[PDB]
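Okay, run-v9.pdb now, which holds PDB, C-alpha atoms and all ligand atoms:
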```pdb
MODEL        1
ATOM      1  CA  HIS A   4     -57.529-169.221 -53.598  1.00  0.00           C
ATOM      2  CA  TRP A   5     -55.328-166.878 -51.564  1.00  0.00           C
ATOM      3  CA  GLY A   6     -53.824-163.731 -53.000  1.00  0.00           C
ATOM      4  CA  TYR A   7     -53.301-160.035 -52.249  1.00  0.00           C
ATOM      5  CA  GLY A   8     -56.640-158.489 -53.242  1.00  0.00           C
ATOM      6  CA  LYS A   9     -59.471-157.269 -50.998  1.00  0.00           C
ATOM      7  CA  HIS A  10     -61.392-160.506 -50.889  1.00  0.00           C
ATOM      8  CA  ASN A  11     -58.459-162.933 -50.583  1.00  0.00           C
ATOM      9  CA  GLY A  12     -55.547-160.930 -49.122  1.00  0.00           C
ATOM     10  CA  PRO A  13     -53.486-161.433 -45.978  1.00  0.00           C
ATOM     11  CA  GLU A  14     -56.277-160.617 -43.536  1.00  0.00           C
ATOM     12  CA  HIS A  15     -58.177-163.600 -44.928  1.00  0.00           C
ATOM     13  CA  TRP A  16     -55.389-166.176 -44.966  1.00  0.00           C
ATOM     14  CA  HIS A  17     -56.068-167.449 -41.432  1.00  0.00           C
ATOM     15  CA  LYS A  18     -59.294-169.119 -42.528  1.00  0.00           C
ATOM     16  CA  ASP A  19     -57.436-171.607 -44.719  1.00  0.00           C
ATOM     17  CA  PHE A  20     -54.082-171.443 -42.843  1.00  0.00           C
ATOM     18  CA  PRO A  21     -54.712-170.974 -39.148  1.00  0.00           C
ATOM     19  CA  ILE A  22     -50.965-170.811 -38.443  1.00  0.00           C
ATOM     20  CA  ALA A  23     -51.315-167.274 -39.830  1.00  0.00           C
ATOM     21  CA  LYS A  24     -52.163-166.313 -36.235  1.00  0.00           C
ATOM     22  CA  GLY A  25     -49.110-168.241 -34.938  1.00  0.00           C
ATOM     23  CA  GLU A  26     -46.381-167.381 -32.440  1.00  0.00           C
ATOM     24  CA  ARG A  27     -43.513-166.926 -34.893  1.00  0.00           C
ATOM     25  CA  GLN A  28     -45.013-165.326 -37.983  1.00  0.00           C
ATOM     26  CA  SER A  29     -43.223-163.060 -40.431  1.00  0.00           C
ATOM     27  CA  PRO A  30     -42.586-160.368 -41.483  1.00  0.00           C
ATOM     28  CA  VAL A  31     -42.054-158.102 -38.464  1.00  0.00           C
ATOM     29  CA  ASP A  32     -41.060-154.515 -37.812  1.00  0.00           C
ATOM     30  CA  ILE A  33     -37.406-154.292 -36.765  1.00  0.00           C
ATOM     31  CA  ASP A  34     -37.196-151.802 -33.903  1.00  0.00           C
ATOM     32  CA  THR A  35     -33.528-150.801 -34.128  1.00  0.00           C
ATOM     33  CA  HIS A  36     -33.402-149.534 -30.583  1.00  0.00           C
ATOM     34  CA  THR A  37     -34.663-152.736 -29.025  1.00  0.00           C
ATOM     35  CA  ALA A  38     -32.722-155.201 -31.143  1.00  0.00           C
ATOM     36  CA  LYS A  39     -29.971-156.802 -29.033  1.00  0.00           C
ATOM     37  CA  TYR A  40     -26.421-156.739 -30.282  1.00  0.00           C
ATOM     38  CA  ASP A  41     -24.974-160.237 -29.926  1.00  0.00           C
ATOM     39  CA  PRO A  42     -21.146-160.473 -30.154  1.00  0.00           C
ATOM     40  CA  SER A  43     -21.540-164.247 -30.316  1.00  0.00           C
ATOM     41  CA  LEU A  44     -23.042-164.061 -33.820  1.00  0.00           C
ATOM     42  CA  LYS A  45     -20.653-165.013 -36.613  1.00  0.00           C
ATOM     43  CA  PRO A  46     -20.209-163.194 -39.893  1.00  0.00           C
ATOM     44  CA  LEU A  47     -22.307-164.622 -42.665  1.00  0.00           C
ATOM     45  CA  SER A  48     -20.544-166.886 -45.208  1.00  0.00           C
ATOM     46  CA  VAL A  49     -22.045-166.564 -48.673  1.00  0.00           C
ATOM     47  CA  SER A  50     -20.547-168.927 -51.241  1.00  0.00           C
ATOM     48  CA  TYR A  51     -22.263-168.271 -54.546  1.00  0.00           C
ATOM     49  CA  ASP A  52     -19.377-168.563 -57.022  1.00  0.00           C
ATOM     50  CA  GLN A  53     -20.595-171.957 -58.378  1.00  0.00           C
ATOM     51  CA  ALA A  54     -24.314-171.036 -58.487  1.00  0.00           C
ATOM     52  CA  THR A  55     -26.264-172.553 -61.295  1.00  0.00           C
ATOM     53  CA  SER A  56     -29.438-170.706 -62.195  1.00  0.00           C
ATOM     54  CA  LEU A  57     -31.908-172.634 -64.324  1.00  0.00           C
ATOM     55  CA  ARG A  58     -35.212-170.872 -64.857  1.00  0.00           C
ATOM     56  CA  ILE A  59     -37.316-167.814 -64.092  1.00  0.00           C
ATOM     57  CA  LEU A  60     -41.009-168.363 -63.412  1.00  0.00           C
ATOM     58  CA  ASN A  61     -44.129-166.210 -62.825  1.00  0.00           C
ATOM     59  CA  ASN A  62     -45.870-168.254 -60.108  1.00  0.00           C
ATOM     60  CA  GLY A  63     -48.956-166.020 -59.902  1.00  0.00           C
ATOM     61  CA  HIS A  64     -47.894-164.233 -56.717  1.00  0.00           C
ATOM     62  CA  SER A  65     -44.313-163.204 -57.512  1.00  0.00           C
ATOM     63  CA  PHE A  66     -41.571-164.156 -59.949  1.00  0.00           C
ATOM     64  CA  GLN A  67     -38.785-166.451 -58.869  1.00  0.00           C
ATOM     65  CA  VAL A  68     -35.383-167.422 -60.226  1.00  0.00           C
ATOM     66  CA  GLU A  69     -34.620-171.144 -59.539  1.00  0.00           C
ATOM     67  CA  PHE A  70     -31.215-172.738 -58.928  1.00  0.00           C
ATOM     68  CA  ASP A  71     -29.837-176.206 -59.189  1.00  0.00           C
ATOM     69  CA  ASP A  72     -29.787-177.404 -55.580  1.00  0.00           C
ATOM     70  CA  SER A  73     -28.819-181.050 -56.127  1.00  0.00           C
ATOM     71  CA  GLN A  74     -25.312-180.336 -54.846  1.00  0.00           C
ATOM     72  CA  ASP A  75     -23.436-177.809 -52.632  1.00  0.00           C
ATOM     73  CA  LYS A  76     -22.976-175.169 -55.361  1.00  0.00           C
ATOM     74  CA  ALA A  77     -24.452-172.006 -53.791  1.00  0.00           C
ATOM     75  CA  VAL A  78     -24.626-172.116 -50.010  1.00  0.00           C
ATOM     76  CA  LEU A  79     -25.056-169.971 -46.944  1.00  0.00           C
ATOM     77  CA  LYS A  80     -23.288-170.793 -43.717  1.00  0.00           C
ATOM     78  CA  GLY A  81     -22.247-168.909 -40.626  1.00  0.00           C
ATOM     79  CA  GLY A  82     -24.137-166.070 -39.013  1.00  0.00           C
ATOM     80  CA  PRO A  83     -26.640-167.713 -36.588  1.00  0.00           C
ATOM     81  CA  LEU A  84     -26.833-170.899 -38.638  1.00  0.00           C
ATOM     82  CA  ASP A  85     -25.733-174.358 -37.703  1.00  0.00           C
ATOM     83  CA  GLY A  86     -24.972-176.334 -40.826  1.00  0.00           C
ATOM     84  CA  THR A  87     -25.116-175.761 -44.540  1.00  0.00           C
ATOM     85  CA  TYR A  88     -28.024-174.265 -46.405  1.00  0.00           C
ATOM     86  CA  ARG A  89     -28.381-174.491 -50.156  1.00  0.00           C
ATOM     87  CA  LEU A  90     -29.886-171.771 -52.325  1.00  0.00           C
ATOM     88  CA  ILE A  91     -33.002-172.964 -54.148  1.00  0.00           C
ATOM     89  CA  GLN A  92     -34.660-169.762 -55.432  1.00  0.00           C
ATOM     90  CA  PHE A  93     -34.939-166.011 -54.984  1.00  0.00           C
ATOM     91  CA  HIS A  94     -38.011-163.808 -55.480  1.00  0.00           C
ATOM     92  CA  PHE A  95     -39.231-160.329 -54.769  1.00  0.00           C
ATOM     93  CA  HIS A  96     -42.048-158.428 -53.114  1.00  0.00           C
ATOM     94  CA  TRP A  97     -42.878-154.902 -54.281  1.00  0.00           C
ATOM     95  CA  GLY A  98     -45.390-152.073 -54.125  1.00  0.00           C
ATOM     96  CA  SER A  99     -47.641-150.091 -56.410  1.00  0.00           C
ATOM     97  CA  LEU A 100     -45.756-146.967 -55.198  1.00  0.00           C
ATOM     98  CA  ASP A 101     -42.144-146.288 -54.225  1.00  0.00           C
ATOM     99  CA  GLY A 102     -43.061-145.768 -50.572  1.00  0.00           C
ATOM    100  CA  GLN A 103     -44.268-149.292 -49.964  1.00  0.00           C
ATOM    101  CA  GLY A 104     -43.516-152.842 -51.020  1.00  0.00           C
ATOM    102  CA  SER A 105     -41.123-154.355 -48.488  1.00  0.00           C
ATOM    103  CA  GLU A 106     -42.389-156.961 -46.043  1.00  0.00           C
ATOM    104  CA  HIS A 107     -40.037-156.263 -43.164  1.00  0.00           C
ATOM    105  CA  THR A 108     -39.883-152.639 -42.002  1.00  0.00           C
ATOM    106  CA  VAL A 109     -37.158-150.852 -40.055  1.00  0.00           C
ATOM    107  CA  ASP A 110     -38.461-148.527 -37.384  1.00  0.00           C
ATOM    108  CA  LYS A 111     -41.758-148.613 -39.368  1.00  0.00           C
ATOM    109  CA  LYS A 112     -39.910-147.440 -42.509  1.00  0.00           C
ATOM    110  CA  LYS A 113     -41.051-149.284 -45.618  1.00  0.00           C
ATOM    111  CA  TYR A 114     -38.802-149.852 -48.621  1.00  0.00           C
ATOM    112  CA  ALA A 115     -39.858-150.031 -52.277  1.00  0.00           C
ATOM    113  CA  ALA A 116     -39.259-153.759 -52.524  1.00  0.00           C
ATOM    114  CA  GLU A 117     -37.673-156.741 -50.740  1.00  0.00           C
ATOM    115  CA  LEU A 118     -35.575-159.561 -52.155  1.00  0.00           C
ATOM    116  CA  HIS A 119     -35.777-163.011 -50.553  1.00  0.00           C
ATOM    117  CA  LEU A 120     -33.004-165.553 -51.165  1.00  0.00           C
ATOM    118  CA  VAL A 121     -34.371-168.869 -49.928  1.00  0.00           C
ATOM    119  CA  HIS A 122     -32.046-171.609 -48.661  1.00  0.00           C
ATOM    120  CA  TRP A 123     -32.744-175.036 -47.121  1.00  0.00           C
ATOM    121  CA  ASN A 124     -30.798-177.020 -44.554  1.00  0.00           C
ATOM    122  CA  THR A 125     -29.043-179.885 -46.238  1.00  0.00           C
ATOM    123  CA  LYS A 127     -29.439-182.104 -43.121  1.00  0.00           C
ATOM    124  CA  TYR A 128     -33.064-182.740 -44.149  1.00  0.00           C
ATOM    125  CA  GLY A 129     -32.211-183.948 -47.664  1.00  0.00           C
ATOM    126  CA  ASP A 130     -34.813-182.025 -49.650  1.00  0.00           C
ATOM    127  CA  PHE A 131     -36.775-178.758 -49.510  1.00  0.00           C
ATOM    128  CA  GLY A 132     -40.089-180.443 -48.824  1.00  0.00           C
ATOM    129  CA  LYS A 133     -38.687-182.058 -45.681  1.00  0.00           C
ATOM    130  CA  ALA A 134     -36.860-178.926 -44.559  1.00  0.00           C
ATOM    131  CA  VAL A 135     -40.043-176.782 -44.403  1.00  0.00           C
ATOM    132  CA  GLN A 136     -41.389-179.109 -41.738  1.00  0.00           C
ATOM    133  CA  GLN A 137     -38.472-178.380 -39.347  1.00  0.00           C
ATOM    134  CA  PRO A 138     -38.038-175.326 -37.078  1.00  0.00           C
ATOM    135  CA  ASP A 139     -34.526-174.831 -38.501  1.00  0.00           C
ATOM    136  CA  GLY A 140     -35.317-175.958 -42.025  1.00  0.00           C
ATOM    137  CA  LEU A 141     -34.955-172.709 -44.014  1.00  0.00           C
ATOM    138  CA  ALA A 142     -32.736-169.655 -43.965  1.00  0.00           C
ATOM    139  CA  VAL A 143     -33.996-166.646 -45.953  1.00  0.00           C
ATOM    140  CA  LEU A 144     -31.684-163.684 -46.679  1.00  0.00           C
ATOM    141  CA  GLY A 145     -33.823-160.516 -46.907  1.00  0.00           C
ATOM    142  CA  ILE A 146     -32.449-157.521 -48.789  1.00  0.00           C
ATOM    143  CA  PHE A 147     -34.203-154.157 -49.059  1.00  0.00           C
ATOM    144  CA  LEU A 148     -34.442-152.224 -52.330  1.00  0.00           C
ATOM    145  CA  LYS A 149     -34.631-148.443 -52.351  1.00  0.00           C
ATOM    146  CA  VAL A 150     -35.138-146.294 -55.418  1.00  0.00           C
ATOM    147  CA  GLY A 151     -32.143-144.335 -56.630  1.00  0.00           C
ATOM    148  CA  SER A 152     -29.270-145.406 -58.908  1.00  0.00           C
ATOM    149  CA  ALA A 153     -29.706-148.493 -61.122  1.00  0.00           C
ATOM    150  CA  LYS A 154     -28.352-151.858 -60.054  1.00  0.00           C
ATOM    151  CA  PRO A 155     -26.365-153.240 -62.967  1.00  0.00           C
ATOM    152  CA  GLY A 156     -26.616-156.845 -61.770  1.00  0.00           C
ATOM    153  CA  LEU A 157     -30.412-156.709 -61.727  1.00  0.00           C
ATOM    154  CA  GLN A 158     -30.834-155.721 -65.360  1.00  0.00           C
ATOM    155  CA  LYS A 159     -30.633-159.264 -66.764  1.00  0.00           C
ATOM    156  CA  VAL A 160     -33.638-160.073 -64.591  1.00  0.00           C
ATOM    157  CA  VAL A 161     -35.655-156.963 -65.549  1.00  0.00           C
ATOM    158  CA  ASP A 162     -34.978-157.642 -69.227  1.00  0.00           C
ATOM    159  CA  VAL A 163     -36.597-161.117 -69.226  1.00  0.00           C
ATOM    160  CA  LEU A 164     -39.806-160.126 -67.387  1.00  0.00           C
ATOM    161  CA  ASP A 165     -41.544-159.390 -70.699  1.00  0.00           C
ATOM    162  CA  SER A 166     -41.398-163.078 -71.471  1.00  0.00           C
ATOM    163  CA  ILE A 167     -43.100-164.272 -68.231  1.00  0.00           C
ATOM    164  CA  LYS A 168     -45.773-161.660 -67.866  1.00  0.00           C
ATOM    165  CA  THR A 169     -48.638-163.962 -66.857  1.00  0.00           C
ATOM    166  CA  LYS A 170     -49.089-166.713 -64.314  1.00  0.00           C
ATOM    167  CA  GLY A 171     -47.511-170.036 -65.163  1.00  0.00           C
ATOM    168  CA  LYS A 172     -45.100-168.658 -67.763  1.00  0.00           C
ATOM    169  CA  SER A 173     -41.439-169.686 -67.435  1.00  0.00           C
ATOM    170  CA  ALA A 174     -38.185-169.050 -69.317  1.00  0.00           C
ATOM    171  CA  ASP A 175     -34.703-170.531 -69.419  1.00  0.00           C
ATOM    172  CA  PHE A 176     -32.471-168.341 -67.264  1.00  0.00           C
ATOM    173  CA  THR A 177     -28.940-169.676 -67.113  1.00  0.00           C
ATOM    174  CA  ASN A 178     -25.631-168.196 -66.013  1.00  0.00           C
ATOM    175  CA  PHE A 179     -27.159-165.533 -63.693  1.00  0.00           C
ATOM    176  CA  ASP A 180     -24.786-164.692 -60.813  1.00  0.00           C
ATOM    177  CA  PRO A 181     -26.693-163.709 -57.645  1.00  0.00           C
ATOM    178  CA  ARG A 182     -23.588-162.015 -56.208  1.00  0.00           C
ATOM    179  CA  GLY A 183     -24.557-158.943 -58.212  1.00  0.00           C
ATOM    180  CA  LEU A 184     -27.565-158.458 -55.937  1.00  0.00           C
ATOM    181  CA  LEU A 185     -25.664-158.174 -52.619  1.00  0.00           C
ATOM    182  CA  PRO A 186     -24.929-154.877 -50.820  1.00  0.00           C
ATOM    183  CA  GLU A 187     -21.341-154.073 -49.839  1.00  0.00           C
ATOM    184  CA  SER A 188     -21.812-154.897 -46.169  1.00  0.00           C
ATOM    185  CA  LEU A 189     -23.205-158.145 -44.728  1.00  0.00           C
ATOM    186  CA  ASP A 190     -24.278-156.735 -41.294  1.00  0.00           C
ATOM    187  CA  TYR A 191     -27.627-158.192 -40.351  1.00  0.00           C
ATOM    188  CA  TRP A 192     -30.515-158.628 -37.996  1.00  0.00           C
ATOM    189  CA  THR A 193     -31.807-162.162 -37.317  1.00  0.00           C
ATOM    190  CA  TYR A 194     -34.936-163.635 -35.695  1.00  0.00           C
ATOM    191  CA  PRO A 195     -36.897-166.902 -35.942  1.00  0.00           C
ATOM    192  CA  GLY A 196     -39.975-166.611 -38.127  1.00  0.00           C
ATOM    193  CA  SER A 197     -42.027-168.035 -40.953  1.00  0.00           C
ATOM    194  CA  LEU A 198     -42.717-168.140 -44.669  1.00  0.00           C
ATOM    195  CA  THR A 199     -44.590-164.936 -45.540  1.00  0.00           C
ATOM    196  CA  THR A 200     -46.868-166.721 -48.047  1.00  0.00           C
ATOM    197  CA  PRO A 201     -49.104-169.718 -47.470  1.00  0.00           C
ATOM    198  CA  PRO A 202     -48.549-172.204 -46.112  1.00  0.00           C
ATOM    199  CA  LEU A 203     -46.857-169.785 -43.631  1.00  0.00           C
ATOM    200  CA  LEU A 204     -44.857-172.572 -42.006  1.00  0.00           C
ATOM    201  CA  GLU A 205     -42.728-171.521 -39.048  1.00  0.00           C
ATOM    202  CA  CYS A 206     -39.475-173.033 -40.357  1.00  0.00           C
ATOM    203  CA  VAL A 207     -37.388-169.964 -41.207  1.00  0.00           C
ATOM    204  CA  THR A 208     -34.318-168.351 -39.674  1.00  0.00           C
ATOM    205  CA  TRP A 209     -34.575-164.830 -41.028  1.00  0.00           C
ATOM    206  CA  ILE A 210     -31.373-162.933 -41.827  1.00  0.00           C
ATOM    207  CA  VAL A 211     -32.209-159.362 -42.839  1.00  0.00           C
ATOM    208  CA  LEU A 212     -29.370-157.223 -44.186  1.00  0.00           C
ATOM    209  CA  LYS A 213     -29.051-153.755 -42.770  1.00  0.00           C
ATOM    210  CA  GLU A 214     -27.796-152.109 -45.977  1.00  0.00           C
ATOM    211  CA  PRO A 215     -30.338-151.721 -48.801  1.00  0.00           C
ATOM    212  CA  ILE A 216     -29.414-152.042 -52.479  1.00  0.00           C
ATOM    213  CA  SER A 217     -30.546-149.256 -54.783  1.00  0.00           C
ATOM    214  CA  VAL A 218     -32.473-149.831 -58.010  1.00  0.00           C
ATOM    215  CA  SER A 219     -33.739-147.247 -60.457  1.00  0.00           C
ATOM    216  CA  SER A 220     -37.375-146.222 -60.842  1.00  0.00           C
ATOM    217  CA  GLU A 221     -37.224-147.741 -64.329  1.00  0.00           C
ATOM    218  CA  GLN A 222     -36.195-151.099 -62.970  1.00  0.00           C
ATOM    219  CA  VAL A 223     -38.992-151.357 -60.408  1.00  0.00           C
ATOM    220  CA  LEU A 224     -41.435-149.988 -62.969  1.00  0.00           C
ATOM    221  CA  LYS A 225     -40.877-153.177 -64.951  1.00  0.00           C
ATOM    222  CA  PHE A 226     -41.779-155.287 -61.921  1.00  0.00           C
ATOM    223  CA  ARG A 227     -45.101-153.544 -61.806  1.00  0.00           C
ATOM    224  CA  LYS A 228     -45.988-154.575 -65.357  1.00  0.00           C
ATOM    225  CA  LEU A 229     -46.211-158.251 -64.442  1.00  0.00           C
ATOM    226  CA  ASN A 230     -49.632-159.825 -64.008  1.00  0.00           C
ATOM    227  CA  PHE A 231     -51.227-161.964 -61.297  1.00  0.00           C
ATOM    228  CA  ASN A 232     -53.575-163.490 -63.868  1.00  0.00           C
ATOM    229  CA  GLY A 233     -52.905-166.193 -66.438  1.00  0.00           C
ATOM    230  CA  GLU A 234     -52.887-165.489 -70.183  1.00  0.00           C
ATOM    231  CA  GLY A 235     -56.337-164.745 -71.563  1.00  0.00           C
ATOM    232  CA  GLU A 236     -57.761-163.750 -68.183  1.00  0.00           C
ATOM    233  CA  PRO A 237     -58.697-160.187 -67.288  1.00  0.00           C
ATOM    234  CA  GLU A 238     -55.545-158.164 -66.541  1.00  0.00           C
ATOM    235  CA  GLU A 239     -54.641-157.604 -62.910  1.00  0.00           C
ATOM    236  CA  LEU A 240     -51.280-155.956 -62.322  1.00  0.00           C
ATOM    237  CA  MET A 241     -48.887-157.727 -59.989  1.00  0.00           C
ATOM    238  CA  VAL A 242     -48.373-155.049 -57.358  1.00  0.00           C
ATOM    239  CA  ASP A 243     -48.426-154.908 -53.548  1.00  0.00           C
ATOM    240  CA  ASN A 244     -47.626-158.562 -53.130  1.00  0.00           C
ATOM    241  CA  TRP A 245     -46.373-158.019 -49.578  1.00  0.00           C
ATOM    242  CA  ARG A 246     -47.708-159.201 -46.256  1.00  0.00           C
ATOM    243  CA  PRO A 247     -47.947-156.583 -43.460  1.00  0.00           C
ATOM    244  CA  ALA A 248     -45.866-156.766 -40.281  1.00  0.00           C
ATOM    245  CA  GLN A 249     -47.031-159.358 -37.729  1.00  0.00           C
ATOM    246  CA  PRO A 250     -46.775-159.227 -33.916  1.00  0.00           C
ATOM    247  CA  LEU A 251     -43.325-160.030 -32.561  1.00  0.00           C
ATOM    248  CA  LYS A 252     -44.753-161.910 -29.544  1.00  0.00           C
ATOM    249  CA  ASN A 253     -42.163-163.833 -27.519  1.00  0.00           C
ATOM    250  CA  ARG A 254     -39.232-163.160 -29.833  1.00  0.00           C
ATOM    251  CA  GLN A 255     -35.920-161.308 -29.645  1.00  0.00           C
ATOM    252  CA  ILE A 256     -34.402-159.668 -32.695  1.00  0.00           C
ATOM    253  CA  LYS A 257     -30.599-159.943 -32.589  1.00  0.00           C
ATOM    254  CA  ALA A 258     -28.145-157.655 -34.407  1.00  0.00           C
ATOM    255  CA  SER A 259     -24.701-158.683 -35.678  1.00  0.00           C
ATOM    256  CA  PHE A 260     -23.474-155.106 -35.308  1.00  0.00           C
ATOM    257  CA  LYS A 261     -23.366-152.145 -32.964  1.00  0.00           C
TER     258      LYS A 261
HETATM  259 ZN    ZN B 301     -40.757-163.735 -49.992  1.00  0.00          ZN
ENDMDL
END
```

Could the structure of this file be written out as structure tokens, please?
Amino acid sequence: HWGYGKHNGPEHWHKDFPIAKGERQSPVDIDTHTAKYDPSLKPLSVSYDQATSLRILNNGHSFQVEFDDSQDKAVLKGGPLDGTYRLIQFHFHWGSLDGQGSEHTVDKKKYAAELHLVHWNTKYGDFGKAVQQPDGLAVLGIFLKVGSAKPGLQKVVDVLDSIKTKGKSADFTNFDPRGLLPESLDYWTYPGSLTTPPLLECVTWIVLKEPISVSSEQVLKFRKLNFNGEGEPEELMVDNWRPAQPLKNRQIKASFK
């Protein structure tokens, strides 16, 4: 099965998922000098005050916090989106070292980690139908750099002990994802894909310009998670990021000058 090691990592994925060599794959390098400012783009509208988190899960390739998405509780609108997208989960990608770990890069700069907040377009009724549509998902990407601790992340770091191995889950209620946002919502946006199999090209990417800072101690705890299940030989969950893919016929647009 696919993963991030030498015999099953990203360079191998195309044998089981040939869309890996597709026309609108993610992530990409954001060249800040060639991105086009578009005054037509609207500000993002993030409405997370009624979010209901349920659970945190180690899925064997990352950890993810899941939200109740049976109603319009936590939604993203605006920016380049048409319609309403509900939050279903967020997860992270990170490195074995502070100088790598993000999926997107900015002028080839890598960050220590990247947060993905995944939302699906309510017009398609459920997540499984949305991923089959070119405008089915909207993913907010936030970079993490190492510096000062992020208070709103600590609740997450504290429970990782309890979901160390693949398939472990824990109740995780009353977590407010607003504490993970930077001050500014300026963004870049381009059409792309999921960055893990099945790599479907159903995502409008919205990547925030401003990183959030986390402390070395906080990302250290990420690196203690395991890819393996309980009882299996220990393999640390690190470097679970896909490298930048060719931009091909796409335009990155910026909401700012
Ligand atoms: Zn992701």

task = Write out as a count of residues only which residues come within 12 Å of residue 14 (chain A) when counting all atoms listed in the file, dropping same-chain ones fewer than 2 positions away.
result = 21

Mind giving me the axis-aligned box for region 59-68 of chain A with 8 Å on every side, centre plus edges in Å to one decimal, as AutoDock Vina command-line options?
```
--center_x -42.2 --center_y -165.8 --center_z -60.4 --size_x 29.6 --size_y 21.2 --size_z 23.4
```

request  = Can you tell me which residues come within 12 Å of ligand ZN 301 (chain B) when counting only C-alpha atoms and all ligand atoms, ideally as number ranges by chain?
outcome  = A: 29-30, 64-67, 92-97, 104-107, 116-122, 142-147, 197-201, 203, 207, 209, 211, 244-246

ask   = So, counting all atoms listed in the file, which residue among A:80, A:89, A:45, A:225 is closest to residue 125 (chain A)?
value =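 Nearest candidate to residue 125 (chain A) out of A:80, A:89, A:45, A:225: A:89.
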
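At a cut-off of 12 Å from (-54.2, -164.1, -73.5), the residue set is residues 168, 169, 170, 172, 230, 232, 233, 234, 235, 236, 237 and 238 of chain A (counting only C-alpha atoms).
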
With C-alpha atoms retained, write the just-selected residues as a compact mmCIF listing (two decimals), in the frame of the given file.
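The resulting file, out-v3.txt, is shown below:
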```txt
# COMPACT_ATOMS: atom_id res chain seq x y z
CA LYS A 168 -45.77 -161.66 -67.87
CA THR A 169 -48.64 -163.96 -66.86
CA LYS A 170 -49.09 -166.71 -64.31
CA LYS A 172 -45.10 -168.66 -67.76
CA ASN A 230 -49.63 -159.82 -64.01
CA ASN A 232 -53.58 -163.49 -63.87
CA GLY A 233 -52.90 -166.19 -66.44
CA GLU A 234 -52.89 -165.49 -70.18
CA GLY A 235 -56.34 -164.74 -71.56
CA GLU A 236 -57.76 -163.75 -68.18
CA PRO A 237 -58.70 -160.19 -67.29
CA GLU A 238 -55.54 -158.16 -66.54
```

request  = Return as an MDAnalysis selection string the set of residues that the PyMOL selection byres (((chain A and resi 99) around 7) and not hetatm) yields on the displayed structure.
outcome  = chainID A and resid 98 100 227 242:243

query = A:215, A:181, A:86, A:196: which is nearest residue 151 (chain A), counting all atoms listed in the file?
reply = A:215

key: Residue members of the PyMOL selection byres (((chain A and resi 75) around 10) and not hetatm) in the file shown, as a PyMOL selection string   = chain A and resi 50-51+53-54+71-74+76-79+87-90+125

Spell out the residues picked by the PyMOL selection byres (((chain A and resi 191-194) around 7) and not hetatm) here, as a short mmCIF file (atom, residue, chain, number, x, y, z; two decimals) with C-alpha atoms, in the coordinates of the input.
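Contents of the output file expr04.cif:
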```cif
data_model
loop_
_atom_site.label_atom_id
_atom_site.label_comp_id
_atom_site.auth_asym_id
_atom_site.auth_seq_id
_atom_site.Cartn_x
_atom_site.Cartn_y
_atom_site.Cartn_z
CA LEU A 189 -23.20 -158.15 -44.73
CA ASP A 190 -24.28 -156.74 -41.29
CA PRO A 195 -36.90 -166.90 -35.94
CA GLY A 196 -39.98 -166.61 -38.13
CA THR A 208 -34.32 -168.35 -39.67
CA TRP A 209 -34.58 -164.83 -41.03
CA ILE A 210 -31.37 -162.93 -41.83
CA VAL A 211 -32.21 -159.36 -42.84
CA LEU A 212 -29.37 -157.22 -44.19
CA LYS A 213 -29.05 -153.76 -42.77
CA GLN A 255 -35.92 -161.31 -29.64
CA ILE A 256 -34.40 -159.67 -32.70
CA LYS A 257 -30.60 -159.94 -32.59
CA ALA A 258 -28.14 -157.66 -34.41
CA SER A 259 -24.70 -158.68 -35.68
#
```

What would region 87-94 of chain A look like with N, CA, C and O atoms restored, written as a CSV table (one decimal), in the frame of the given file?
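Listed below is the output, rebuild25.csv:
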```
chain,number,residue,atom,x,y,z
A,87,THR,N,-25.3,-176.3,-43.2
A,87,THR,CA,-25.1,-175.8,-44.5
A,87,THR,C,-26.5,-175.7,-45.2
A,87,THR,O,-27.3,-176.6,-45.1
A,88,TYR,N,-26.7,-174.5,-45.8
A,88,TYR,CA,-28.0,-174.3,-46.4
A,88,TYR,C,-27.8,-174.0,-47.9
A,88,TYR,O,-27.1,-173.0,-48.3
A,89,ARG,N,-28.5,-174.7,-48.7
A,89,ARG,CA,-28.4,-174.5,-50.2
A,89,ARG,C,-29.4,-173.5,-50.7
A,89,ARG,O,-30.6,-173.7,-50.4
A,90,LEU,N,-29.0,-172.7,-51.6
A,90,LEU,CA,-29.9,-171.8,-52.3
A,90,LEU,C,-30.8,-172.5,-53.3
A,90,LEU,O,-30.3,-173.3,-54.1
A,91,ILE,N,-32.1,-172.3,-53.2
A,91,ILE,CA,-33.0,-173.0,-54.1
A,91,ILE,C,-33.7,-171.9,-55.1
A,91,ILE,O,-33.9,-172.2,-56.3
A,92,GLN,N,-34.0,-170.7,-54.6
A,92,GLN,CA,-34.7,-169.8,-55.4
A,92,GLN,C,-34.5,-168.4,-54.8
A,92,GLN,O,-34.3,-168.3,-53.6
A,93,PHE,N,-34.7,-167.3,-55.6
A,93,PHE,CA,-34.9,-166.0,-55.0
A,93,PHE,C,-36.2,-165.4,-55.7
A,93,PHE,O,-36.5,-165.8,-56.8
A,94,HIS,N,-36.8,-164.5,-55.0
A,94,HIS,CA,-38.0,-163.8,-55.5
A,94,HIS,C,-38.1,-162.4,-54.8
A,94,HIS,O,-37.3,-162.2,-53.9
```
